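The form solved without ligand NAD is given below as one chain in structure tokens.
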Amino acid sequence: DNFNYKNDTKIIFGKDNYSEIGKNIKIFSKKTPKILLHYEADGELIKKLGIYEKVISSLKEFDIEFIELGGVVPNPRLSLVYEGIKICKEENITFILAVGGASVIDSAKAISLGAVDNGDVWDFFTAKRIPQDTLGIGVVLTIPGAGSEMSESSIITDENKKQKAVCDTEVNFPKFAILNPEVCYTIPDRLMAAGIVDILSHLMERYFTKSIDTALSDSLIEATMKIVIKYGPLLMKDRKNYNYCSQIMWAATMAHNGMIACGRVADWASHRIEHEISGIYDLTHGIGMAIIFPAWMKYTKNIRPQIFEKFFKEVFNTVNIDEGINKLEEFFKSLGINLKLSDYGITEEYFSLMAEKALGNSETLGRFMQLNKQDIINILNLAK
């Protein structure tokens, strides 16, 4: 069935290329750029990693005037967005450079909307208004993650009204994103393993679909998943290997860009179940996906067995579904991930509560298979 695809963001991929920062600010800003340099907390991380000094040097090299605004926190707050909008208007900022991860990127996106607007930027987040323009941002991606550096979404929390909202609109696409696989080198092992699983999970969530006539999309997703399964374990054992990091970072980009997934309906059941686990327990998202996704596959293996056979044949070289599921679990273990909830002190105590919360006001969740409350509890039991 029909689909539309568009992604506006210029990708600048590779290393030893920090002059790309100044070059691309000049490309996308009004002449005589004057940029807001935005980052997390007081920049202590990107400073010790040496990323701060390389950014500053590139700005000096191109005579770009800049004002710094730090203080972003992991769930970016509207109060800092309002402050950045004030600074942008007051100081005639022409462009925003977000140096950080998803939280810095989304805060920059929100400031960029408000800076060229004469109203309350929170209207864009509460469906009161549809933004028609942005100032424009560029991203120096310091921590890989869910792909905000090339998405049209911004997630901001109004901490006073304790409300978290999304603005998803075309003008939010960053003008450019600088992706250097070297930023992976310093991520702790456990979070790198979780991030590898996040990439595979994102692809699998689009792959297992009842949509039809998706042969080329199947092949592109399979190719990308196979690279994650092949290179993930090598990256984990050779963390400063630029080749390995490059294949995994580009696989993440392919998954997030999403053009290889055009034409198919995704299923968020595993994501939603895992969400409730991490809501109660201190469980990294990717670790929870490694536990939950194989349990979801077992439970839904009868909906469309031919697509599971194709998955395990094309990705794991076996048509045997049970053997393929074991190979998938073995893959997770090879990243250092334990695969039972009880390995983390998670008992069955809150299973029914997590199922109830996952469902909310609906009687079922999921698209590939519609799962009721007891179905979800069965999946948690498969994962216990």
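Note that residue numbering begins at 1 and tracks the sequence as displayed. In this text, the rigid core denotes the largest set of C-alpha atoms whose superposition between the two forms falls within 1.5 Å.
- Here the rigid core sets the fit, and in 4 other deposited structures of this protein the C-alphas of 257-265 stray farther than those of the other stretch, out of 257-265 and 232-240.
- Between stretches 143-151 and 174-182, greater average Cα displacement in 4 other deposited structures of this protein relative to the shown form, fitted by the core, falls on 143-151.
- Set 31-39 against 319-327 and average the Cα temperature factors; 31-39 ends up higher.
- For the two regions 98-106 and 191-199, the entry's Cα B-factors average higher over 98-106.
- The PDB entry assigns its highest CA temperature factor, among 175, 310, 237, 128, to 128.
- Of all the options 137, 269, 73, 179, the entry's greatest CA B-factor is assigned to 73.
- When the modelled residues of the chain are ordered by C-alpha B-factor, residue 302 sits in the middle third.
- Per the PDB record, residue ranking by Cα B-factor puts residue 381 in the lowest third of the chain.
- Ranked by Cα temperature factor within the chain, residue 206 sits in the lowest third according to the deposited record.
- Ranked by Cα temperature factor within the chain, residue 62 sits in the highest third according to the deposited record.
- When the modelled residues of the chain are ordered by C-alpha B-factor, residue 185 sits in the middle third.
The form deposited with ligand NAD bound exists for this protein as well; it is not shown, and the discussion that follows is about that form.
- A heavy atom within 4.5 Å of ligand NAD in the deposited bound form is found for one listed residue only; from 278, 186, 169, 163, this is 186.
- For the options 219, 153, 241, 79, the one in contact with ligand NAD in the deposited bound form, meaning a heavy atom within 4.5 Å, is 153.
- Contact check for residue 263: no non-hydrogen atom falls within 4.5 Å of ligand NAD in the deposited bound form.
- Put simply, residue 305 is far from ligand NAD in the deposited bound form: not one heavy atom of it is within 4.5 Å.
- None of the heavy atoms of residue 234 is located within 4.5 Å of ligand NAD in the deposited bound form.
- Under a 4.5 angstroms non-hydrogen atom cutoff, ligand NAD in the deposited bound form lacks residue 270 among its neighbouring residues.
- With ligand NAD left out of view, the stretch that reaches within 4.5 Å of it through heavy atoms in the deposited bound form is, among 287-295, 139-147, 210-218, 306-314, 139-147.
- Contact residues in stretch 78-104 (any heavy atom within 4.5 Å of ligand NAD, taken in the deposited bound form) are 101, 102, 103.
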